[PDB]
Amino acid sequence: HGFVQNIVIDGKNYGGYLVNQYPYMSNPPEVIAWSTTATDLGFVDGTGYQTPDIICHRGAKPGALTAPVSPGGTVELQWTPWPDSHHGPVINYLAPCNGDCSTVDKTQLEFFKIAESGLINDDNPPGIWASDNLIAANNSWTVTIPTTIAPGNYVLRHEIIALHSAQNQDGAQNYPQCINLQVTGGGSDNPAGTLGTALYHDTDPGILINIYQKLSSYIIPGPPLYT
């Protein structure tokens, strides 16, 4: 359980969607982060993979604001303290807004994977995962925006998948957090995109899995990494 509290881009903080404050306020502030109704600081499980909730979390609506990123620049997402128990991958996707991200129809967004990290070491099951790298970095993740993509406005869909309960059907816990970016530079790729509701299926090999046994491999879920 947790959420993205802050985003650091080009030397400033863009406050996140503080899901334990703003839903209680009813004139809440404009941010680059999508609003959600996930006030339990919880997840979307396999029962919601083909519902709109998987796209940018439960009841999500676009952020009003968009943050510019320098070409090949970094976006640092700062989480609330991630529990060690919640082992799993950290995955990052972009989807083009083709206009102002604040007015997009999330159900039409087509995402391409720009980064993925999974099982890092398995010397002591359940092992060390991307989520453990995030904890070791004091609960932050650095995303590098590719220089090869067409610039414009994009949703960044940043996600941890916790696998501590994933040996049961619908046990994997997805924690997507979306932010609005203005990608800048000289690139031209328009990578093939995947609807939010086709990223994951509740029987995928990196989703329905017992992490407590020795693992020979881990197949990071979602569509193929763009390079």
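Residue indices: 1-based, along the sequence shown. Take the two forms, find the largest set of C-alpha atoms that superpose within 1.5 Å, and that set is the rigid core.
Choosing between 196-204 and 22-30, the greater Cα displacement from the shown form in 8 other deposited structures of this protein, fitted by the core, goes with 22-30. Higher average CA B factor: 19-27, of the stretches 19-27 and 206-214. The question of which stretch, 158-166 or 28-36, has the higher mean Cα B factor is settled in favour of 28-36. Out of 85, 107, 92, 133, the entry records its largest CA B-factor for 107.
In the deposited entry, the Cα temperature factor of residue 222 sits in the middle third of values across the chain's modelled residues. When the modelled residues of the chain are ordered by C-alpha B-factor, residue 176 sits in the lowest third. Placement of the Cα temperature factor of residue 147 within the chain: highest third of the modelled residues, per the deposited record. When the modelled residues of the chain are ordered by their C-alpha B factor, residue 75 lands in the middle third.
Per the PDB record, residue ranking by Cα B-factor puts residue 81 in the middle third of the chain.
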